[PDB]
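> If you scroll down you'll find the structure; I have some questions about it.
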Amino acid sequence: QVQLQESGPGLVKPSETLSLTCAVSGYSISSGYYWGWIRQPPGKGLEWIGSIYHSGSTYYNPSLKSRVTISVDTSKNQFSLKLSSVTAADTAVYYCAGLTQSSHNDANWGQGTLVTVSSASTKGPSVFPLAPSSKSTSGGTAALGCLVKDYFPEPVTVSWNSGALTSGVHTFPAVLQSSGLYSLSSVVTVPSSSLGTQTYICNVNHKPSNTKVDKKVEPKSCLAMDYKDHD
Amino acid sequence: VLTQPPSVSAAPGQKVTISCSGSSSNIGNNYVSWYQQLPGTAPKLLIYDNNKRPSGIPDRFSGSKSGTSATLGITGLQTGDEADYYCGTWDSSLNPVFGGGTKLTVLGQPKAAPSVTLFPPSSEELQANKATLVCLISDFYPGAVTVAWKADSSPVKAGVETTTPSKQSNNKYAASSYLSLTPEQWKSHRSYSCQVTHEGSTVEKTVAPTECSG
């Protein structure tokens, strides 16, 4: 099927030029009737940014003061948005979208990409395991997790057992600390019995910086290895 | 340019409608589409071509068009329908235009107490001369709590960062609070507590540097 997916740096310095691309798959891009960009600032509605048509004609939102450029690259099968001289008013989730035919308005939409306009520098996170314990044991289940600390900007992605674990998995919304860096935690609920005989690792990806890392998250043993420990 | 009510609410099981009004130059002349947007998610196409549903959209949703206005109908209202809804069409200049959005609230949801999980600082963090207590708060309704930390029996205000509660899938909310300490402070007290107050009732969790469960 037709799929759109945005790419861009999640951080742009004020006055610099924001550059995003939209990768089209399951479709030859030059076939499309319409490709466009829509954005949504936090807690607000949807704003049209600009458009390009099959004919190559481009139209842009007048409120965007000649700052917008949209082009199609057929060799890479993607289209782009360039928005110059950005301010904090341009912080938003940006969506690519398209209509394959003039006769229908069933638009295809990307997933959206968060763009933060800030002078602050990119910072990869520090990851720490959150070991399961008797206190984090309720029923036959055990909570363990990962603390993803002090990063910028949003977002971070966290996966458990490389996607193979999804049930009971809760990755919490991040806090913005007074330092201006984010932290979040991802917890997975598992069976208590599996704790000794299962490997649990959280995979943390901060796309904006080049941070990939995974912590082992395992029970703390409370028996010394160099003394008899069993009856 | 397209206007819809900023908010609508109704009890579960009921039928609800949301309309957007425009001009004969926009809605009057064009197909209208409708979008659903759940927290932290891209708008999802519900209705296109005035009344068609994309595959996978349930027949509880319907679209109609009366003159220069359009209407989204939702039957068998579920808590999972809570979301922002937007109409979209072409304006008189043939460019995209969206309604302002309608926030749909499902009334009469039962109160739900927060589940609280508190983690002590990891050994690795302590080794890096740092210490964070992590208080994770989930599955409450309504989505408002206040969080208080204690060192032994005394309130701690400093080094506390707490999130505004945000909506999750089950429309149960989640929140977290992080207390920053020196490894010495952590290792000097009998314990630390995270106290979560929701609708008059308090749920409390405690961690101690003496703990070793195995």
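To be explicit about the labels: the chains of the structure tokens are called A, B, and onward in the order shown, and within each one the residues are counted from 1, while ligands get numbers from 1 in the order they are shown.
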Could you produce a table of the residues of chain B lying within 9 Å of chain A, with the nearest pair of atoms per residue and their separation in Å rounded to one decimal, using only C-alpha atoms, ordered by chain and increasing residue number, as JSON lines?


```
{"residue": "B:31", "atom": "CA", "partner": "A:105", "partner_atom": "CA", "distance": 6.9}
{"residue": "B:32", "atom": "CA", "partner": "A:105", "partner_atom": "CA", "distance": 7.8}
{"residue": "B:33", "atom": "CA", "partner": "A:105", "partner_atom": "CA", "distance": 7.0}
{"residue": "B:41", "atom": "CA", "partner": "A:111", "partner_atom": "CA", "distance": 7.6}
{"residue": "B:42", "atom": "CA", "partner": "A:111", "partner_atom": "CA", "distance": 5.7}
{"residue": "B:43", "atom": "CA", "partner": "A:109", "partner_atom": "CA", "distance": 8.0}
{"residue": "B:44", "atom": "CA", "partner": "A:109", "partner_atom": "CA", "distance": 8.2}
{"residue": "B:45", "atom": "CA", "partner": "A:106", "partner_atom": "CA", "distance": 7.4}
{"residue": "B:47", "atom": "CA", "partner": "A:106", "partner_atom": "CA", "distance": 8.0}
{"residue": "B:48", "atom": "CA", "partner": "A:106", "partner_atom": "CA", "distance": 5.4}
{"residue": "B:49", "atom": "CA", "partner": "A:105", "partner_atom": "CA", "distance": 6.0}
{"residue": "B:54", "atom": "CA", "partner": "A:106", "partner_atom": "CA", "distance": 7.9}
{"residue": "B:86", "atom": "CA", "partner": "A:45", "partner_atom": "CA", "distance": 8.5}
{"residue": "B:89", "atom": "CA", "partner": "A:105", "partner_atom": "CA", "distance": 8.3}
{"residue": "B:95", "atom": "CA", "partner": "A:51", "partner_atom": "CA", "distance": 7.9}
{"residue": "B:96", "atom": "CA", "partner": "A:48", "partner_atom": "CA", "distance": 6.2}
{"residue": "B:97", "atom": "CA", "partner": "A:48", "partner_atom": "CA", "distance": 6.9}
{"residue": "B:98", "atom": "CA", "partner": "A:46", "partner_atom": "CA", "distance": 6.6}
{"residue": "B:99", "atom": "CA", "partner": "A:45", "partner_atom": "CA", "distance": 8.2}
{"residue": "B:100", "atom": "CA", "partner": "A:45", "partner_atom": "CA", "distance": 5.9}
{"residue": "B:101", "atom": "CA", "partner": "A:45", "partner_atom": "CA", "distance": 6.4}
{"residue": "B:117", "atom": "CA", "partner": "A:136", "partner_atom": "CA", "distance": 6.9}
{"residue": "B:118", "atom": "CA", "partner": "A:136", "partner_atom": "CA", "distance": 7.9}
{"residue": "B:119", "atom": "CA", "partner": "A:130", "partner_atom": "CA", "distance": 6.7}
{"residue": "B:120", "atom": "CA", "partner": "A:130", "partner_atom": "CA", "distance": 7.9}
{"residue": "B:121", "atom": "CA", "partner": "A:130", "partner_atom": "CA", "distance": 7.9}
{"residue": "B:122", "atom": "CA", "partner": "A:130", "partner_atom": "CA", "distance": 6.3}
{"residue": "B:123", "atom": "CA", "partner": "A:129", "partner_atom": "CA", "distance": 8.8}
{"residue": "B:124", "atom": "CA", "partner": "A:128", "partner_atom": "CA", "distance": 6.9}
{"residue": "B:125", "atom": "CA", "partner": "A:128", "partner_atom": "CA", "distance": 6.7}
{"residue": "B:134", "atom": "CA", "partner": "A:185", "partner_atom": "CA", "distance": 8.1}
{"residue": "B:136", "atom": "CA", "partner": "A:172", "partner_atom": "CA", "distance": 8.1}
{"residue": "B:160", "atom": "CA", "partner": "A:177", "partner_atom": "CA", "distance": 8.8}
{"residue": "B:161", "atom": "CA", "partner": "A:177", "partner_atom": "CA", "distance": 5.9}
{"residue": "B:162", "atom": "CA", "partner": "A:175", "partner_atom": "CA", "distance": 6.6}
{"residue": "B:163", "atom": "CA", "partner": "A:175", "partner_atom": "CA", "distance": 5.3}
{"residue": "B:164", "atom": "CA", "partner": "A:175", "partner_atom": "CA", "distance": 8.4}
{"residue": "B:165", "atom": "CA", "partner": "A:173", "partner_atom": "CA", "distance": 8.8}
{"residue": "B:166", "atom": "CA", "partner": "A:173", "partner_atom": "CA", "distance": 7.5}
{"residue": "B:174", "atom": "CA", "partner": "A:172", "partner_atom": "CA", "distance": 7.1}
{"residue": "B:175", "atom": "CA", "partner": "A:172", "partner_atom": "CA", "distance": 7.2}
{"residue": "B:176", "atom": "CA", "partner": "A:172", "partner_atom": "CA", "distance": 7.5}
{"residue": "B:177", "atom": "CA", "partner": "A:175", "partner_atom": "CA", "distance": 8.0}
{"residue": "B:178", "atom": "CA", "partner": "A:175", "partner_atom": "CA", "distance": 8.6}
{"residue": "B:207", "atom": "CA", "partner": "A:135", "partner_atom": "CA", "distance": 8.6}
{"residue": "B:212", "atom": "CA", "partner": "A:222", "partner_atom": "CA", "distance": 5.9}
{"residue": "B:213", "atom": "CA", "partner": "A:134", "partner_atom": "CA", "distance": 5.7}
{"residue": "B:214", "atom": "CA", "partner": "A:221", "partner_atom": "CA", "distance": 4.8}
```

> Write out the residues from the selection above, keeping C-alpha atoms, as a PDB file, in the first residue's frame.


```
ATOM      1  CA  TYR B  31     -15.835  16.522  -0.483  1.00  0.00           C
ATOM      2  CA  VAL B  32     -15.395  16.816   3.266  1.00  0.00           C
ATOM      3  CA  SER B  33     -13.236  14.425   5.264  1.00  0.00           C
ATOM      4  CA  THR B  41      -0.853  10.225  17.427  1.00  0.00           C
ATOM      5  CA  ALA B  42      -1.217  11.493  13.834  1.00  0.00           C
ATOM      6  CA  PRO B  43      -4.739  12.345  12.627  1.00  0.00           C
ATOM      7  CA  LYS B  44      -6.475   9.179  11.431  1.00  0.00           C
ATOM      8  CA  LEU B  45      -8.847   9.263   8.453  1.00  0.00           C
ATOM      9  CA  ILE B  47     -14.493   9.553   6.640  1.00  0.00           C
ATOM     10  CA  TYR B  48     -13.623  10.714   3.142  1.00  0.00           C
ATOM     11  CA  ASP B  49     -15.701  11.714   0.095  1.00  0.00           C
ATOM     12  CA  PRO B  54     -11.777   3.565   4.691  1.00  0.00           C
ATOM     13  CA  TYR B  86     -11.299  17.557  12.756  1.00  0.00           C
ATOM     14  CA  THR B  89     -11.761  20.226   2.880  1.00  0.00           C
ATOM     15  CA  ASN B  95      -5.811  24.903  -0.549  1.00  0.00           C
ATOM     16  CA  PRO B  96      -6.250  22.594   2.466  1.00  0.00           C
ATOM     17  CA  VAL B  97      -8.371  23.947   5.302  1.00  0.00           C
ATOM     18  CA  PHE B  98      -9.315  22.232   8.588  1.00  0.00           C
ATOM     19  CA  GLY B  99     -11.935  22.940  11.210  1.00  0.00           C
ATOM     20  CA  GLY B 100     -10.607  24.087  14.586  1.00  0.00           C
ATOM     21  CA  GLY B 101     -11.137  20.672  16.164  1.00  0.00           C
ATOM     22  CA  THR B 117       5.538   1.874  41.550  1.00  0.00           C
ATOM     23  CA  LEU B 118       8.645   3.325  43.200  1.00  0.00           C
ATOM     24  CA  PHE B 119      12.203   2.439  42.156  1.00  0.00           C
ATOM     25  CA  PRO B 120      15.343   3.195  44.221  1.00  0.00           C
ATOM     26  CA  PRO B 121      18.519   4.492  42.548  1.00  0.00           C
ATOM     27  CA  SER B 122      20.341   1.828  40.516  1.00  0.00           C
ATOM     28  CA  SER B 123      23.805   0.687  41.648  1.00  0.00           C
ATOM     29  CA  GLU B 124      25.264   2.038  38.398  1.00  0.00           C
ATOM     30  CA  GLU B 125      23.804   5.493  38.970  1.00  0.00           C
ATOM     31  CA  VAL B 134      11.566   7.067  40.192  1.00  0.00           C
ATOM     32  CA  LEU B 136       5.623   5.877  38.358  1.00  0.00           C
ATOM     33  CA  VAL B 160      11.548  17.076  42.595  1.00  0.00           C
ATOM     34  CA  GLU B 161      10.421  16.987  38.931  1.00  0.00           C
ATOM     35  CA  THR B 162       6.850  15.818  38.313  1.00  0.00           C
ATOM     36  CA  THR B 163       4.934  15.554  35.025  1.00  0.00           C
ATOM     37  CA  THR B 164       1.484  16.918  34.316  1.00  0.00           C
ATOM     38  CA  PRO B 165      -0.708  13.806  33.947  1.00  0.00           C
ATOM     39  CA  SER B 166      -1.273  12.686  30.353  1.00  0.00           C
ATOM     40  CA  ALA B 174      -0.222   8.256  33.740  1.00  0.00           C
ATOM     41  CA  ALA B 175       2.308  10.478  35.473  1.00  0.00           C
ATOM     42  CA  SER B 176       5.766  10.285  36.985  1.00  0.00           C
ATOM     43  CA  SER B 177       7.858  12.066  39.591  1.00  0.00           C
ATOM     44  CA  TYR B 178      11.624  11.964  39.958  1.00  0.00           C
ATOM     45  CA  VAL B 207      12.104   2.483  49.374  1.00  0.00           C
ATOM     46  CA  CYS B 212      17.952  -6.501  49.356  1.00  0.00           C
ATOM     47  CA  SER B 213      15.192  -8.806  48.141  1.00  0.00           C
ATOM     48  CA  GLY B 214      17.043 -11.198  45.829  1.00  0.00           C
TER      49      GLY B 214
END
```

> Please report, as a PyMOL selection string, each residue of region 11-162 of chain A to which DSSP assigns helix (DSSP H, G or I) when run on this structure's backbone.

chain A and resi 29-31+62-64+88-90+161-162

> So what do you get for CA of residue 30 (chain B) versus CA of residue 5 (chain B), distance-wise?

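Going from CA of residue 30 (chain B) over to CA of residue 5 (chain B) covers 21.0 Å.
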
> Just want the 7 Å neighbourhood of residue 148 (chain B), counted on only C-alpha atoms, with same-chain residues fewer than 2 positions away dropped. Output as a VMD selection string.

chain B and resid 146 150 194 to 196

> Write the selection just made, keeping C-alpha atoms, as a PDB file, in the first residue's frame?


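What landed in selection18.pdb:
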```
ATOM      1  CA  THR B 146      -0.482  15.653  43.481  1.00  0.00           C
ATOM      2  CA  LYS B 150       9.331  12.362  52.266  1.00  0.00           C
ATOM      3  CA  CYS B 194       6.582   8.863  47.248  1.00  0.00           C
ATOM      4  CA  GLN B 195       3.041   9.880  48.295  1.00  0.00           C
ATOM      5  CA  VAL B 196       0.386  10.176  45.514  1.00  0.00           C
TER       6      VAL B 196
END
```

> Quick one: residues within 10 Å of residue 60 (chain B), only C-alpha atoms counted, chain neighbours fewer than 5 positions away excluded, as JSON, numbers by chain?

{"B": [15, 73, 74, 75, 76, 77]}

> I need the residues from that last selection saved to file as an mmCIF file, in the first residue's frame (with N, CA, C and O atoms), if you can.


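And here is the file that came out, again-v2.cif:
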```
data_model
loop_
_atom_site.group_PDB
_atom_site.id
_atom_site.type_symbol
_atom_site.label_atom_id
_atom_site.label_comp_id
_atom_site.auth_asym_id
_atom_site.auth_seq_id
_atom_site.Cartn_x
_atom_site.Cartn_y
_atom_site.Cartn_z
ATOM 1 N N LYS B 15 -25.488 8.347 21.107
ATOM 2 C CA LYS B 15 -25.097 8.841 19.789
ATOM 3 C C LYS B 15 -24.639 10.282 19.924
ATOM 4 O O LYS B 15 -25.268 11.080 20.613
ATOM 5 N N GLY B 73 -21.172 11.544 12.534
ATOM 6 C CA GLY B 73 -21.961 10.853 13.544
ATOM 7 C C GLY B 73 -21.200 9.718 14.206
ATOM 8 O O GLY B 73 -20.480 8.981 13.539
ATOM 9 N N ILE B 74 -21.347 9.577 15.521
ATOM 10 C CA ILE B 74 -20.736 8.469 16.250
ATOM 11 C C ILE B 74 -21.777 7.794 17.139
ATOM 12 O O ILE B 74 -22.325 8.422 18.042
ATOM 13 N N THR B 75 -22.048 6.518 16.875
ATOM 14 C CA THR B 75 -22.996 5.750 17.674
ATOM 15 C C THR B 75 -22.271 4.787 18.627
ATOM 16 O O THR B 75 -21.091 4.473 18.436
ATOM 17 N N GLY B 76 -22.986 4.313 19.644
ATOM 18 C CA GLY B 76 -22.424 3.364 20.594
ATOM 19 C C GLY B 76 -21.159 3.901 21.235
ATOM 20 O O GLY B 76 -20.146 3.205 21.314
ATOM 21 N N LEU B 77 -21.230 5.143 21.699
ATOM 22 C CA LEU B 77 -20.068 5.870 22.199
ATOM 23 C C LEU B 77 -19.265 5.112 23.266
ATOM 24 O O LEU B 77 -19.810 4.665 24.279
#
```

> Write out as a list in words each polymer residue whose atoms come within 12 Å of residue 126 (chain B), counting only C-alpha atoms; drop sequence neighbours fewer than 4 positions from it.

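Once the adjacent positions are removed, what remains is residues 128 and 129 of chain A; 120, 121, 122, 130, 131, 132, 133, 180, 181, 182, 183, 184, 185, 186, 187 and 209 of chain B.
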
> Considering only C-alpha atoms, state which residue in the set B:79, B:71, B:109, B:64 is at the smallest distance from residue 4 (chain B).

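Using only C-alpha atoms, residue 4 (chain B) sits closest to B:71.
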